[PDB]
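J.: Pasting a structure here, questions to come.
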Amino acid sequence: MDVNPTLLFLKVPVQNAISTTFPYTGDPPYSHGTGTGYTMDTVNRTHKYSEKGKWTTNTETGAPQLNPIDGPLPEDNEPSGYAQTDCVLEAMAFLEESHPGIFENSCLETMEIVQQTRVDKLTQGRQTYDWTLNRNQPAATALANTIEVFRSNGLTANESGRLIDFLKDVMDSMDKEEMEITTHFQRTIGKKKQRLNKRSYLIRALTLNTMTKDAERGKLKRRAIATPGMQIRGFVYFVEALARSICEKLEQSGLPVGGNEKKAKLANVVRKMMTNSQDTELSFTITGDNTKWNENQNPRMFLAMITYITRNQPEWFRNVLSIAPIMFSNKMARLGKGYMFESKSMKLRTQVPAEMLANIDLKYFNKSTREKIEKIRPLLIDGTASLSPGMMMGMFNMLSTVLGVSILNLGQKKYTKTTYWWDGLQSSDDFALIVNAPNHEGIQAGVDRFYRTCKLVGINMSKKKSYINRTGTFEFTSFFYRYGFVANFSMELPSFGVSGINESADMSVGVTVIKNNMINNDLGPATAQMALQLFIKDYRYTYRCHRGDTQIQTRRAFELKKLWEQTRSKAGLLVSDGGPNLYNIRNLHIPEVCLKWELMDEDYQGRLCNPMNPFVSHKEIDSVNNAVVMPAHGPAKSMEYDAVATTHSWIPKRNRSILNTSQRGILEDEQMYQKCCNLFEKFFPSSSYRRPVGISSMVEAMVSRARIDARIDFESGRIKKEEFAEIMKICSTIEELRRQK
Amino acid sequence: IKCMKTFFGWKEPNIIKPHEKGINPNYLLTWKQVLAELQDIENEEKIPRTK
RNA sequence: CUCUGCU
RNA sequence: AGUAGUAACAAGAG
């Protein structure tokens with residue numbers, strides 16, 4: 001009697017039990033050590049798929065560049081980056097013809113976005129490469145460093161607050177003959193200044209930082225991802241904005257819509273294909289990813305698509321949209337941390353930075369790394385490898401799906417000019433293509449035509465992990481369609497458990513996750529009760545907030561027991577204070593504070609909901625009652641939760657490991673910046689709720705506001721003559737401090 | 001400790017299945033040291049909770 | 001002897 | 001030793 005869970009599929013169809021095929025209960029495979037090997041492998045692989053292209057040497061950066069555009073046509077089914085300019089232009093032209101005015105309307109919408117977009121938009125996003133520090137920094141921090149460097153270099157055209165002005169400053173910076181930056185060296189703190197030549201700054205402005213994608217499920221081997229610099233992101237935002245505007249106007253483009261919007265759009269489109277197909281016509285659906293999609297999406301083709309899309313538009317708009325593909329076509333990839341060398345005989349470790357691989361001897365490496373270094377050495381320049389071809393983890397997902405949907409629209413009977421035709425859905429590298437043809441031979445001919453056309457445009461379908469079946473069931477971006485999308489709960493299992501925001505936000509998020517899974521992922525009511533019980537147990541263990549009546553011993557047990565004895569109405573206690581769990585299927589949508597409000601003791605209610613408690617801290621409105629959640633698959637998600645701000649809405653300790661590094665000064669600067677901003681809010685309460693405006697320094701605004709507030713308070717009598725006198729004298733002293741400096 | 005006080009059949013430990021790449025005497029000494037530690041804890045009146 | 005446990 | 005797997009931990013920086 002050998003039990004075999006897989007045999008369950010003999011009765012339950014695979015899709016209906018697809019959740020069993022997801023091991024997401026276990027830990028995801030993480031990456032150990034450096035990502036330099038993965039970056040080198042990616043660069044070599046990208047240059048291998050385009051080897052038959054043209055080799056040139058950039059005249060500005062001096063690095064070799066490879067152009068596969070209009071290269072020899074593919075002669076084999078392997079991935080190939082030889083995209084044809086004529087074919088891509090033809091695909092875009094036919095997309096325009098089939099969807100008249102799409103490019104024009106999208107261009108105008110992008111025009112208004114470009115007009116009304118501010119520099120602060122670049123603050124969104126995470127782990128942005130900071131060229132000034134040669135490391136990844138938070139997007140806001142990298143933006144601030146770049147702005148400060150530009151100001152110190154005379155690029156004082158960004159104070160207008162418009163992103164386009166910042167882009168103008170970016171170009172002016174690249175055109176400068178020299179640059180000055182500020183770096184800290186400790187040997188004692190030294191605020192040294194470094195001078196960068198034109199070529200070095202150019203190389204470090206096109207540089208693309210690389211790391212290893214961690215916690216990635218479904219892949220045995222780890223892969224390297226990349227994040228761009230501050231200069232690139234500005235133009236990338238506009239490019240993406242235009243591509244997303246175009247995508248929203250395409251029925252086959254489901255990328256911009258997400259979640260249940262994505263599922264509904266895909267369901268409607270597949271239903272339309274099943275409907276408009278002739279009854280007598282044989283219908284098939286292909287499921288597949290595109291092999292080496294990111295490695296083959298050349299940026300020159302993106303430049304061609306942008307130039308075609310921006311036809312007849314104002315020349316400045318064409319420039320703003322086309323700059324990003326230009327820069328990416330001349331991009332560079334940082335290698336990363338480097339490698340680690342060990343000596344067993346002498347029993348010692350060492351880390352060799354990736355910048356010194358262009359000269360280190362090859363005897364220190366194993367065979368695989370030996371050949372990767374040998375192959376990538378020609379492209380190494382100033383610690384970075386030239387990666388002109390391909391798109392290393394490109395952010396042009398929107399543009400790439402525009403190209404895919406253009407090729408997908410090429411399958412209309414007015415374009416195929418044959419009995420067979422095709423349509424489907426495209427999203428980044430994933431696609432689900434439906435072929436209708438009178439007979440199986442027609443289906444095969446249509447499949448071959450689509451595959452060959454994709455090869456022409458540079459899209460390489462992955463024959464390895466793609467398959468065709470009769471229309472009705474398919475898969476698309478981890479969404480399994482079986483005559484209708486089926487719920488796959490295993491995807492949302494990692495979201496369960498303690499989120500780790502705070503006691504209140506984590507209770508609210510847990511109950512909201514259970515409720516959302518009931519609504520969307522077919523979480524039954526009994527299983528919902530199970531999930532609630534398990535989440536409460538995990539929450540109590542994590543937060544050491546077991547019920548006071550329990551004998552469990554923990555460093556927080558004494559206080560909870562004292563509170564339990566103190567309270568008269570036990571039911572009113574929150575779970576974070578040893579109170580019982582009153583949640584159920586009925587009230588998963590009610591915050592615990594409001595759920596237990598009537599049961600709370602008056603004094604306990606006041607203490608818990610005291611607005612003057614020091615635990616609660618409020619940042620800008622954009623970071624209130626919301627959290628960032630990372631699903632098993634997909635990008636970061638902004639989850640909003642309903643929670644009453646109580647003493648439990650505290651902040652966890654901040655990682656202090658930067659205190660014993662040469663770059664502590666940034667932390668100090670952050671502290672001071674906060675010290676200033678919080679005072680500005682003390683003078684302008686609405687600064688947090690909505691961003692303030694003005695050109696004057698903070699000191700001028702604060703002192704003027706203080707003076708006027710003093711006069712109004714005096715007139716209303718809220719302050720006496722002496723208080724007004726002291727306020728005025730302090731303001732005059734502040735003025736004198738500003739003047740003297 | 002109480003659970004160990006429930007079985008009265010222990011005896012001098014001996015290596016029956018060696019660890020090919022390990023140092024078996026080290027494992028035997030580790031077990032003996034753990035037994036000694038828990039015995040010292042038992043006969044001791046102090047209350048070490050995280051021995 | 002001090003600092004750090006995602007920097 | 002062992003974890004682990006294409007590169008690392010088996011403390012690191014002063």
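Labels used: A, B, ... for chains in the order of the structure tokens, numbers from 1 for residues in each chain, and numbers from 1 for ligands as shown.
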Please report, as a PyMOL selection string, each residue of chain B to which DSSP assigns helix (DSSP H, G or I) when run on this structure's backbone.
T.: chain B and resi 4-6+24-43
J.: Let's have the selection written as a PDB file, in the first residue's frame, with N, CA and C atoms.
T.:
ATOM      1  N   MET B   4      12.908  12.446  31.085  1.00  0.00           N
ATOM      2  CA  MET B   4      14.046  11.546  31.254  1.00  0.00           C
ATOM      3  C   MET B   4      13.951  10.781  32.566  1.00  0.00           C
ATOM      4  N   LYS B   5      13.317  11.368  33.583  1.00  0.00           N
ATOM      5  CA  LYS B   5      13.104  10.654  34.835  1.00  0.00           C
ATOM      6  C   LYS B   5      12.027   9.589  34.725  1.00  0.00           C
ATOM      7  N   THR B   6      11.461   9.375  33.538  1.00  0.00           N
ATOM      8  CA  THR B   6      10.368   8.431  33.361  1.00  0.00           C
ATOM      9  C   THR B   6      10.828   7.104  32.781  1.00  0.00           C
ATOM     10  N   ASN B  24      33.443  10.099  15.638  1.00  0.00           N
ATOM     11  CA  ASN B  24      32.446   9.486  16.510  1.00  0.00           C
ATOM     12  C   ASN B  24      32.713   9.736  17.988  1.00  0.00           C
ATOM     13  N   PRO B  25      33.951   9.668  18.483  1.00  0.00           N
ATOM     14  CA  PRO B  25      34.179  10.002  19.893  1.00  0.00           C
ATOM     15  C   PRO B  25      33.631  11.361  20.264  1.00  0.00           C
ATOM     16  N   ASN B  26      33.669  12.329  19.346  1.00  0.00           N
ATOM     17  CA  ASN B  26      33.109  13.639  19.648  1.00  0.00           C
ATOM     18  C   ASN B  26      31.610  13.551  19.903  1.00  0.00           C
ATOM     19  N   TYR B  27      30.886  12.766  19.101  1.00  0.00           N
ATOM     20  CA  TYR B  27      29.452  12.609  19.336  1.00  0.00           C
ATOM     21  C   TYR B  27      29.183  11.893  20.653  1.00  0.00           C
ATOM     22  N   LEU B  28      29.963  10.854  20.955  1.00  0.00           N
ATOM     23  CA  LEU B  28      29.776  10.162  22.226  1.00  0.00           C
ATOM     24  C   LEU B  28      30.016  11.108  23.396  1.00  0.00           C
ATOM     25  N   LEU B  29      31.087  11.900  23.323  1.00  0.00           N
ATOM     26  CA  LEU B  29      31.372  12.870  24.369  1.00  0.00           C
ATOM     27  C   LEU B  29      30.277  13.920  24.457  1.00  0.00           C
ATOM     28  N   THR B  30      29.699  14.308  23.319  1.00  0.00           N
ATOM     29  CA  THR B  30      28.609  15.276  23.342  1.00  0.00           C
ATOM     30  C   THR B  30      27.408  14.725  24.096  1.00  0.00           C
ATOM     31  N   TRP B  31      27.047  13.470  23.829  1.00  0.00           N
ATOM     32  CA  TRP B  31      25.933  12.869  24.558  1.00  0.00           C
ATOM     33  C   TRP B  31      26.244  12.768  26.045  1.00  0.00           C
ATOM     34  N   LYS B  32      27.461  12.338  26.385  1.00  0.00           N
ATOM     35  CA  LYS B  32      27.826  12.230  27.793  1.00  0.00           C
ATOM     36  C   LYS B  32      27.790  13.593  28.471  1.00  0.00           C
ATOM     37  N   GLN B  33      28.254  14.633  27.776  1.00  0.00           N
ATOM     38  CA  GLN B  33      28.234  15.980  28.331  1.00  0.00           C
ATOM     39  C   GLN B  33      26.812  16.473  28.541  1.00  0.00           C
ATOM     40  N   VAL B  34      25.914  16.201  27.596  1.00  0.00           N
ATOM     41  CA  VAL B  34      24.520  16.600  27.779  1.00  0.00           C
ATOM     42  C   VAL B  34      23.927  15.898  28.995  1.00  0.00           C
ATOM     43  N   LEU B  35      24.180  14.593  29.122  1.00  0.00           N
ATOM     44  CA  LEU B  35      23.663  13.865  30.277  1.00  0.00           C
ATOM     45  C   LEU B  35      24.220  14.442  31.574  1.00  0.00           C
ATOM     46  N   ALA B  36      25.514  14.771  31.584  1.00  0.00           N
ATOM     47  CA  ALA B  36      26.131  15.356  32.768  1.00  0.00           C
ATOM     48  C   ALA B  36      25.514  16.709  33.083  1.00  0.00           C
ATOM     49  N   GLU B  37      25.279  17.521  32.055  1.00  0.00           N
ATOM     50  CA  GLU B  37      24.710  18.845  32.258  1.00  0.00           C
ATOM     51  C   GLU B  37      23.319  18.735  32.866  1.00  0.00           C
ATOM     52  N   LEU B  38      22.458  17.905  32.271  1.00  0.00           N
ATOM     53  CA  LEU B  38      21.108  17.769  32.805  1.00  0.00           C
ATOM     54  C   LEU B  38      21.123  17.176  34.209  1.00  0.00           C
ATOM     55  N   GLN B  39      22.066  16.276  34.503  1.00  0.00           N
ATOM     56  CA  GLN B  39      22.152  15.741  35.857  1.00  0.00           C
ATOM     57  C   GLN B  39      22.573  16.821  36.844  1.00  0.00           C
ATOM     58  N   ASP B  40      23.545  17.650  36.462  1.00  0.00           N
ATOM     59  CA  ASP B  40      23.956  18.756  37.315  1.00  0.00           C
ATOM     60  C   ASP B  40      22.804  19.726  37.528  1.00  0.00           C
ATOM     61  N   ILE B  41      21.979  19.923  36.501  1.00  0.00           N
ATOM     62  CA  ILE B  41      20.821  20.797  36.643  1.00  0.00           C
ATOM     63  C   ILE B  41      19.828  20.193  37.624  1.00  0.00           C
ATOM     64  N   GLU B  42      19.587  18.887  37.514  1.00  0.00           N
ATOM     65  CA  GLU B  42      18.636  18.234  38.404  1.00  0.00           C
ATOM     66  C   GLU B  42      19.108  18.328  39.849  1.00  0.00           C
ATOM     67  N   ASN B  43      20.313  17.820  40.131  1.00  0.00           N
ATOM     68  CA  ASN B  43      20.802  17.825  41.504  1.00  0.00           C
ATOM     69  C   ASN B  43      21.026  19.238  42.025  1.00  0.00           C
TER      70      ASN B  43
END
J.: Find the residues of chain A in contact range of chain C, meaning any atom within 8 Å when counting only C-alpha atoms (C1' of nucleotides), and list them as a ChimeraX atom specification.
T.: /A:655-660
J.: Just to be explicit: take each residue in the selection above, keep N, CA, C and O atoms, and write the result as a tab-separated table (two decimals), in the first residue's frame.
T.:
chain	number	residue	atom	x	y	z
A	655	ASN	N	17.15	48.78	10.90
A	655	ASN	CA	18.45	48.13	10.78
A	655	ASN	C	19.58	49.13	10.95
A	655	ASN	O	19.73	50.06	10.16
A	656	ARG	N	20.37	48.93	12.01
A	656	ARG	CA	21.46	49.81	12.37
A	656	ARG	C	22.80	49.37	11.80
A	656	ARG	O	23.83	49.97	12.15
A	657	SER	N	22.83	48.35	10.95
A	657	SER	CA	24.10	47.82	10.47
A	657	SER	C	24.87	48.85	9.65
A	657	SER	O	26.07	48.65	9.42
A	658	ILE	N	24.23	49.93	9.21
A	658	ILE	CA	24.94	51.01	8.54
A	658	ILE	C	25.76	51.86	9.50
A	658	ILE	O	26.52	52.73	9.04
A	659	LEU	N	25.64	51.64	10.81
A	659	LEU	CA	26.34	52.50	11.76
A	659	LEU	C	27.84	52.23	11.77
A	659	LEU	O	28.62	53.13	12.10
A	660	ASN	N	28.26	51.03	11.40
A	660	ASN	CA	29.66	50.64	11.41
A	660	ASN	C	30.16	50.47	9.98
A	660	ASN	O	30.91	49.54	9.66
J.: Using only C-alpha atoms (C1' of nucleotides), I'd like every residue of chain B that has an atom within 9 Å of chain D; please write them out as a list in words.
T.: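 Using only C-alpha atoms (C1' of nucleotides), chain B residues at most 9 Å from chain D: residues 21, 22 and 23 of chain B.
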J.: For N, CA and C atoms, I'd like the residues from the last selection saved as a PDB file, in the first residue's frame.
T.:
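Saved as selection-v4.pdb:
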ATOM      1  N   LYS B  21      32.342  10.251   7.861  1.00  0.00           N
ATOM      2  CA  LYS B  21      33.149  11.456   7.741  1.00  0.00           C
ATOM      3  C   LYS B  21      33.294  12.228   9.047  1.00  0.00           C
ATOM      4  N   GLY B  22      32.655  11.782  10.129  1.00  0.00           N
ATOM      5  CA  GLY B  22      32.717  12.476  11.395  1.00  0.00           C
ATOM      6  C   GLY B  22      33.687  11.827  12.372  1.00  0.00           C
ATOM      7  N   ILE B  23      33.805  12.457  13.535  1.00  0.00           N
ATOM      8  CA  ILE B  23      34.626  11.963  14.633  1.00  0.00           C
ATOM      9  C   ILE B  23      33.665  11.411  15.678  1.00  0.00           C
TER      10      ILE B  23
END
J.: Counting only C-alpha atoms (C1' of nucleotides), which residues in chain A sit no more than 10 Å from chain D? For each one, give the nearest pair of atoms and the distance in Å, sorted by chain then residue number, as a tab-separated table.
T.:
residue	atom	partner	partner_atom	distance
A:31	CA	D:7	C1'	8.1
A:32	CA	D:8	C1'	4.9
A:33	CA	D:8	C1'	4.5
A:34	CA	D:7	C1'	6.7
A:35	CA	D:7	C1'	8.8
A:37	CA	D:6	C1'	8.7
A:38	CA	D:6	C1'	9.3
A:187	CA	D:14	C1'	9.9
A:221	CA	D:6	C1'	8.4
A:222	CA	D:6	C1'	9.2
A:339	CA	D:7	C1'	8.6
A:340	CA	D:7	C1'	8.3
A:368	CA	D:6	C1'	8.6
A:369	CA	D:6	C1'	9.4
A:660	CA	D:13	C1'	6.7
A:661	CA	D:13	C1'	7.7
J.: Once you have the residues from the selection above, write them out as a PDB file, in the first residue's frame, restricted to N, CA and C atoms.
T.:
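Below is the file out08.pdb, written as the result:
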ATOM      1  N   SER A  31      19.362  32.706  -3.077  1.00  0.00           N
ATOM      2  CA  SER A  31      20.671  32.712  -3.713  1.00  0.00           C
ATOM      3  C   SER A  31      21.731  33.010  -2.664  1.00  0.00           C
ATOM      4  N   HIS A  32      22.771  32.187  -2.632  1.00  0.00           N
ATOM      5  CA  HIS A  32      23.882  32.357  -1.710  1.00  0.00           C
ATOM      6  C   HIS A  32      25.065  32.959  -2.450  1.00  0.00           C
ATOM      7  N   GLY A  33      25.779  33.853  -1.781  1.00  0.00           N
ATOM      8  CA  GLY A  33      26.963  34.424  -2.383  1.00  0.00           C
ATOM      9  C   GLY A  33      26.654  35.501  -3.406  1.00  0.00           C
ATOM     10  N   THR A  34      27.604  35.673  -4.320  1.00  0.00           N
ATOM     11  CA  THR A  34      27.570  36.750  -5.292  1.00  0.00           C
ATOM     12  C   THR A  34      26.667  36.409  -6.471  1.00  0.00           C
ATOM     13  N   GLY A  35      26.270  37.454  -7.195  1.00  0.00           N
ATOM     14  CA  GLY A  35      25.604  37.316  -8.473  1.00  0.00           C
ATOM     15  C   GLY A  35      26.475  37.637  -9.664  1.00  0.00           C
ATOM     16  N   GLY A  37      28.646  35.774 -11.232  1.00  0.00           N
ATOM     17  CA  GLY A  37      28.591  34.690 -12.198  1.00  0.00           C
ATOM     18  C   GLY A  37      27.333  34.730 -13.041  1.00  0.00           C
ATOM     19  N   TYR A  38      26.189  35.002 -12.414  1.00  0.00           N
ATOM     20  CA  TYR A  38      24.938  35.047 -13.161  1.00  0.00           C
ATOM     21  C   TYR A  38      24.922  36.217 -14.136  1.00  0.00           C
ATOM     22  N   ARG A 187      39.091  56.792   8.317  1.00  0.00           N
ATOM     23  CA  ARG A 187      40.391  56.213   8.627  1.00  0.00           C
ATOM     24  C   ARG A 187      40.923  56.771   9.942  1.00  0.00           C
ATOM     25  N   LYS A 221      17.434  26.923 -11.151  1.00  0.00           N
ATOM     26  CA  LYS A 221      18.626  27.756 -11.207  1.00  0.00           C
ATOM     27  C   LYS A 221      18.273  29.215 -10.952  1.00  0.00           C
ATOM     28  N   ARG A 222      19.134  29.895 -10.202  1.00  0.00           N
ATOM     29  CA  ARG A 222      18.936  31.308  -9.925  1.00  0.00           C
ATOM     30  C   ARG A 222      19.271  32.144 -11.157  1.00  0.00           C
ATOM     31  N   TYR A 339      33.775  37.803  -6.496  1.00  0.00           N
ATOM     32  CA  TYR A 339      33.842  36.387  -6.177  1.00  0.00           C
ATOM     33  C   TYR A 339      34.538  36.227  -4.833  1.00  0.00           C
ATOM     34  N   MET A 340      34.493  35.011  -4.299  1.00  0.00           N
ATOM     35  CA  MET A 340      35.141  34.687  -3.036  1.00  0.00           C
ATOM     36  C   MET A 340      36.140  33.564  -3.272  1.00  0.00           C
ATOM     37  N   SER A 368      34.062  26.610 -15.314  1.00  0.00           N
ATOM     38  CA  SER A 368      32.928  27.374 -15.825  1.00  0.00           C
ATOM     39  C   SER A 368      33.198  28.869 -15.730  1.00  0.00           C
ATOM     40  N   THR A 369      33.600  29.335 -14.544  1.00  0.00           N
ATOM     41  CA  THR A 369      33.901  30.751 -14.388  1.00  0.00           C
ATOM     42  C   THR A 369      35.106  31.136 -15.227  1.00  0.00           C
ATOM     43  N   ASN A 660      28.256  51.027  11.398  1.00  0.00           N
ATOM     44  CA  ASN A 660      29.661  50.639  11.407  1.00  0.00           C
ATOM     45  C   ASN A 660      30.161  50.465   9.977  1.00  0.00           C
ATOM     46  N   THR A 661      29.733  51.370   9.101  1.00  0.00           N
ATOM     47  CA  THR A 661      30.178  51.414   7.719  1.00  0.00           C
ATOM     48  C   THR A 661      30.587  52.837   7.373  1.00  0.00           C
TER      49      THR A 661
END
J.: DSSP says strand (DSSP E or B) for which residues of range 451-657 of chain A? Put them as an mmCIF file with N, CA and C atoms, in the first residue's frame?
T.:
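Now in part_38.cif:
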data_model
loop_
_atom_site.group_PDB
_atom_site.id
_atom_site.type_symbol
_atom_site.label_atom_id
_atom_site.label_comp_id
_atom_site.auth_asym_id
_atom_site.auth_seq_id
_atom_site.Cartn_x
_atom_site.Cartn_y
_atom_site.Cartn_z
ATOM 1 N N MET A 461 9.696 32.107 -29.451
ATOM 2 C CA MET A 461 8.810 31.239 -28.690
ATOM 3 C C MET A 461 9.608 30.084 -28.101
ATOM 4 N N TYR A 467 3.156 24.333 -25.233
ATOM 5 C CA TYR A 467 2.403 23.230 -25.812
ATOM 6 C C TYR A 467 1.070 23.740 -26.333
ATOM 7 N N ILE A 468 0.510 22.985 -27.274
ATOM 8 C CA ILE A 468 -0.718 23.341 -27.971
ATOM 9 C C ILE A 468 -1.761 22.277 -27.675
ATOM 10 N N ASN A 469 -3.007 22.703 -27.501
ATOM 11 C CA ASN A 469 -4.117 21.781 -27.319
ATOM 12 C C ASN A 469 -5.356 22.398 -27.951
ATOM 13 N N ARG A 470 -6.474 21.687 -27.852
ATOM 14 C CA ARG A 470 -7.729 22.215 -28.361
ATOM 15 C C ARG A 470 -8.190 23.394 -27.517
ATOM 16 N N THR A 473 -8.969 25.263 -22.802
ATOM 17 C CA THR A 473 -8.133 25.215 -21.613
ATOM 18 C C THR A 473 -6.745 25.709 -21.981
ATOM 19 N N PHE A 474 -6.119 26.440 -21.070
ATOM 20 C CA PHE A 474 -4.800 27.002 -21.325
ATOM 21 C C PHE A 474 -4.248 27.537 -20.009
ATOM 22 N N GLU A 475 -3.082 28.171 -20.094
ATOM 23 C CA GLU A 475 -2.425 28.786 -18.952
ATOM 24 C C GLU A 475 -1.803 30.097 -19.398
ATOM 25 N N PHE A 476 -1.812 31.086 -18.508
ATOM 26 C CA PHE A 476 -1.321 32.417 -18.847
ATOM 27 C C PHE A 476 -0.863 33.109 -17.571
ATOM 28 N N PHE A 479 -1.922 31.770 -14.388
ATOM 29 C CA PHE A 479 -3.372 31.665 -14.315
ATOM 30 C C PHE A 479 -3.786 30.473 -15.162
ATOM 31 N N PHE A 480 -4.439 29.500 -14.541
ATOM 32 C CA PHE A 480 -4.834 28.279 -15.227
ATOM 33 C C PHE A 480 -6.291 28.410 -15.637
ATOM 34 N N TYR A 481 -6.536 28.372 -16.942
ATOM 35 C CA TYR A 481 -7.874 28.491 -17.496
ATOM 36 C C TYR A 481 -8.326 27.110 -17.944
ATOM 37 N N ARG A 482 -9.447 26.651 -17.399
ATOM 38 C CA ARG A 482 -10.076 25.399 -17.809
ATOM 39 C C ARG A 482 -11.530 25.718 -18.101
ATOM 40 N N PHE A 485 -11.509 30.493 -15.579
ATOM 41 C CA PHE A 485 -10.408 30.533 -14.627
ATOM 42 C C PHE A 485 -10.779 29.814 -13.338
ATOM 43 N N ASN A 626 -1.545 51.329 4.964
ATOM 44 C CA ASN A 626 -1.214 50.552 3.780
ATOM 45 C C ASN A 626 0.106 49.834 4.008
ATOM 46 N N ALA A 627 0.299 48.747 3.264
ATOM 47 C CA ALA A 627 1.485 47.918 3.395
ATOM 48 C C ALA A 627 1.873 47.384 2.025
ATOM 49 N N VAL A 628 3.149 47.039 1.891
ATOM 50 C CA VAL A 628 3.686 46.451 0.671
ATOM 51 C C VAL A 628 3.798 44.948 0.884
ATOM 52 N N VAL A 629 3.129 44.178 0.029
ATOM 53 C CA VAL A 629 3.090 42.725 0.134
ATOM 54 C C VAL A 629 3.684 42.140 -1.138
ATOM 55 N N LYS A 637 3.024 44.557 -4.344
ATOM 56 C CA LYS A 637 1.636 44.990 -4.311
ATOM 57 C C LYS A 637 1.415 45.902 -3.114
ATOM 58 N N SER A 638 0.625 46.951 -3.320
ATOM 59 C CA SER A 638 0.267 47.894 -2.263
ATOM 60 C C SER A 638 -1.087 47.468 -1.714
ATOM 61 N N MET A 639 -1.079 46.867 -0.529
ATOM 62 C CA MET A 639 -2.295 46.396 0.120
ATOM 63 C C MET A 639 -2.715 47.404 1.180
ATOM 64 N N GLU A 640 -3.945 47.894 1.069
ATOM 65 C CA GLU A 640 -4.506 48.833 2.028
ATOM 66 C C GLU A 640 -5.341 48.061 3.039
#
J.: Residue 466 in chain A: which residues within 6 Å, counting only C-alpha atoms (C1' of nucleotides), same-chain residues fewer than 4 positions away excluded, as a list in words?
T.: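 Result of the neighbour search: residues 287, 288 and 462 of chain A.
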J.: Counting only C-alpha atoms (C1' of nucleotides), what is within 10 Å of range 568-577 of chain A, bar same-chain residues fewer than 5 positions away, as a PyMOL selection string?
T.: chain A and resi 503-504+507+536+539-540+543-548+556-557+559-561+563+582+592-593+595-602+604-605+608+648
J.: Find the residues near residue 202 in chain A: any atom within 10 Å, counting only C-alpha atoms (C1' of nucleotides), skip ones fewer than 6 places away on the same chain, and give them as an MDAnalysis selection string.
T.: chainID A and resid 60:61 173:176 196 331
J.: Export N, CA and C atoms of the chosen residues as a CSV table (one decimal), in the first residue's frame?
T.:
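Generated output (selection.csv):
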chain,number,residue,atom,x,y,z
A,60,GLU,N,31.8,57.5,-27.5
A,60,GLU,CA,31.7,58.3,-26.3
A,60,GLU,C,32.3,57.4,-25.1
A,61,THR,N,31.7,56.3,-24.9
A,61,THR,CA,32.1,55.4,-23.8
A,61,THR,C,33.3,54.6,-24.1
A,173,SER,N,24.3,67.4,-17.7
A,173,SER,CA,25.3,66.7,-16.9
A,173,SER,C,26.2,65.8,-17.8
A,174,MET,N,25.6,65.0,-18.6
A,174,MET,CA,26.4,64.1,-19.5
A,174,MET,C,27.2,64.9,-20.4
A,175,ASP,N,26.7,66.1,-20.9
A,175,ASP,CA,27.5,66.9,-21.8
A,175,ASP,C,28.6,67.7,-21.0
A,176,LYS,N,28.6,67.7,-19.7
A,176,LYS,CA,29.6,68.5,-19.0
A,176,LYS,C,31.0,67.8,-19.2
A,196,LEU,N,35.1,63.4,-11.5
A,196,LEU,CA,34.9,62.4,-12.6
A,196,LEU,C,35.0,63.1,-13.9
A,331,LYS,N,23.9,50.9,-22.9
A,331,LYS,CA,23.9,50.7,-21.5
A,331,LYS,C,25.1,49.8,-21.2
J.: I'd like the interatomic distance between CA of residue 252 in chain A and CA of residue 106 in chain A, to a tenth of an Å.
T.: 16.5 Å
J.: Which distance in Å separates CA of residue 665 in chain A and CA of residue 131 in chain A, to one decimal?
T.: 17.1 Å
